[PDB]
Amino acid sequence: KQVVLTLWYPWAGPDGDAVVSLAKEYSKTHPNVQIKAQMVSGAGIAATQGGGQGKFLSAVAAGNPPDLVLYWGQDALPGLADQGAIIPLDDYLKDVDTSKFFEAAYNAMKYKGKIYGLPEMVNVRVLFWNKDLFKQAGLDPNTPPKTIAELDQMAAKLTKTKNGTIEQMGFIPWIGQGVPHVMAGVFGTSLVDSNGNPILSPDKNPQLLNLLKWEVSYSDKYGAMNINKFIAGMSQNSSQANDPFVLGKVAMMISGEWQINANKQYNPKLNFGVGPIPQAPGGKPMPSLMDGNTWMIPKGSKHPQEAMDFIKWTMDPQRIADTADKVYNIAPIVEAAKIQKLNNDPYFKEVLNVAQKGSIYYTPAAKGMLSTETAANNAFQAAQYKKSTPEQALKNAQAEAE
Ligand SMILES: OC[C@H]1O[C@@H](O[C@H]2[C@H](O)[C@H](O)[C@H](O)O[C@@H]2CO)[C@@H](O)[C@@H](O)[C@@H]1O
């Protein structure tokens with residue numbers, strides 16, 4: 001076709017299918033535009049444990065990057081913008097009524113006086129629990145823990161061992177969305193300061209150490225190697241048919257609202273609750289990170305106007321409401337969110353209450369966020385694996401982040 005537009009999206013499965021379907025329908029109905037949709041994990045943008053690198057930044061350097069990317073968060077935009085790896089959208093957007101977007105979602109697109117993306121979906125973090133497993137412990141299946149202390153107590157009651165072998169875990173702090181850049185906010189702290197500089201060491205961020213020591217209390221109590229053997233093969237930090245909650249192997253898990261989708265599709269018999277994350281010592285009641293997916297146009301995009309035209313088409317209120325319902329996300333346009341069919345879904349109503357009544361926090365906007373995340377991620381893993389003390393792991397992380 002006249003315009004061949006390459007799109008990168010960041011996950012396979014149902015979410016991937018939804019994006020592929022959007023691209024396919026647009027292409028079918030537009031004789032002069034074809035969209036080649038390609039799944040590259042984390043859009044090649046997400047922080048990885050590898051040697052820095054990154055498939056997106058590599059593609060930008062190589063000179064033929066995708067014309068459009070869909071990334072799964074709001075944490076990467078400042079760094080990509082500062083590097084000049086994505087183009088400003090201000091002229092494309094000047095005559096677009098951006099008041100239609102949720103304020104917080106659109107505000108995250110702003111960096112150094114320019115606009116560098118558009119919100120594709122809005123996400124929040126919640127607690128999932130297995131009601132059948134609660135009943136087996138003599139816990140009220142309709143009442144989740146309100147504090148981390150309560151969570152820890154319930155978790156012990158919900159852990160099963162047979163002849164020394166773990167058969168069921170009550171809770172594993174670091175799986176699902178229990179990642180450092182989420183849990184920091186739950187504990188009322190951050191990975192960076194007001195200037196965007198890393199605050200990872202115990203002497204720079206005592207509360208971060210508190211969080212890590214709490215996580216490691218699980219490693220010490222249940223056994224680090226035991227936990228790792230128990231969850232071997234399972235999807236540790238993404239919603240899948242084989243994530244530990246869907247498999248019924250962990251009784252409670254912190255995840256995104258989207259997790260409802262995986263639960264329903266892959267384990268229809270799974271009897272689960274959805275509710276607020278329990279309050280941490282030093283954190284606010286019912287904490288939740290509000291973020292979302294982000295469209296960006298890479299530096300090197302051959303077809304920025306056509307990319308923008310496709311985005312606009314995906315943003316049709318009914319269309320995006322339908323997309324949001326399909327993937328169990330919150331539509332990023334206020335009008336669309338209000339008409340979503342999931343407004344009448346029992347699980348999603350709990351999600352909307354979190355969005356409306358929870359103590360909402362946001363990822364800080366920092367150009368070095370992703371490298372700071374990598375340093376924090378490595379430290380948390382090292383401590384969980386007992387390769388370092390939590391204290392030394394975080395000291396090491398500070399040096400790496402700097
Ligand atoms: O799993 C589909 C949802 O993915 C979300 O992004 C996740 C990503 O899958 C992974 O788990 C990573 O560790 O965290 C991301 C959130 O920060 C969102 O893209 C959501 O919209 C999808 O429905």
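Numbers here simply count residues along the sequence, with the first being 1. Counting starts at 1 for both ligands and their atoms, in listed order. What you see below is based on every heavy atom in this structure, not just the backbone, and it leaves out hydrogens, waters and symmetry mates.
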Quiz question: by atom type and distance under 3.5 Å, do the side chains of [X] and [Y] form a donor-acceptor pair?
X	Y	value
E400	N396	no
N242	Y266	no
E120	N293	yes
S239	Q259	yes

Specify the protein heavy atom at minimum distance from [atom]: its residue, its atom name, and the distance to 0.1 Å.
atom	answer
atom 6 (O) of ligand 1	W72 CB, 3.4 Å
atom 19 (O) of ligand 1	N293 OD1, 2.6 Å
atom 14 (O) of ligand 1	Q177 NE2, 3.1 Å
atom 2 (C) of ligand 1	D15 OD1, 3.4 Å
atom 9 (O) of ligand 1	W11 CD1, 3.7 Å

Please say which of [options] ends up in a side-chain contact (heavy atoms from CB on, under 4.5 Å) with [X].
X	options	value
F348	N329, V274, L342	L342
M121	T323, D15, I330	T323
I86	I45, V60, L80	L80

(message) Any nitrogen or oxygen of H181, side chain or backbone, less than 3.5 Å from one on ligand 1?
(response)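 Between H181 and ligand 1, no N or O pair is found under 3.5 Å apart.
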(message) So, regarding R125 and ligand 1 (criterion: nitrogen or oxygen to nitrogen or oxygen, under 3.5 Å), is there a contact or not?
(response)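 Yes, at least one N or O pair falls under 3.5 Å.
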(message) Tell me whether the count of non-hydrogen atoms from other residues, nucleotides or ligands lying under 6.0 Å of NZ in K341 goes above 12.
(response)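 Open: at most 12 neighbouring heavy atoms sit under 6.0 Å from NZ of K341.
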(request) Determine whether more than 12 heavy atoms belonging to other residues, nucleotides or ligands lie under 6.0 Å from atom CG of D203. (result) no
(message) Need the ligand 1 atom indices (1-based, order shown) with element for anything under 4.0 Å from a heavy-atom of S238.
(response) 11 (O)
(message) Under 4.0 Å from a heavy atom of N329: which atoms of ligand 1 are those, numbered in the order shown and with their elements?
(response) 20 (C), 21 (O), 23 (O)
(request) Report the part of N261 in contact with ligand 1, treating N, CA, C, O as backbone and CB onward as side chain, heavy atoms under 4.0 Å; options are side chain, backbone, both, neither. (result)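 Answer for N261: neither.
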(message) Residue-level breakdown please: for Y328 versus ligand 1, do any non-hydrogen atoms fall below 4.0 Å on the side chain, on the backbone, on both, or on neither?
(response)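 None of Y328 does.
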(request) Out of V122, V182, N237, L289, indicate the one that has the non-hydrogen atom closest to atom 13 (O) of ligand 1. (result)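 Heavy atom nearest to atom 13 (O) of ligand 1 belongs to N237.
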(message) As a check for students: among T363, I330, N123, identify the option with a heavy atom nearest to atom 20 (C) of ligand 1.
(response)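 Going through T363, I330, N123 one by one, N123 has the nearest heavy atom to atom 20 (C) of ligand 1.
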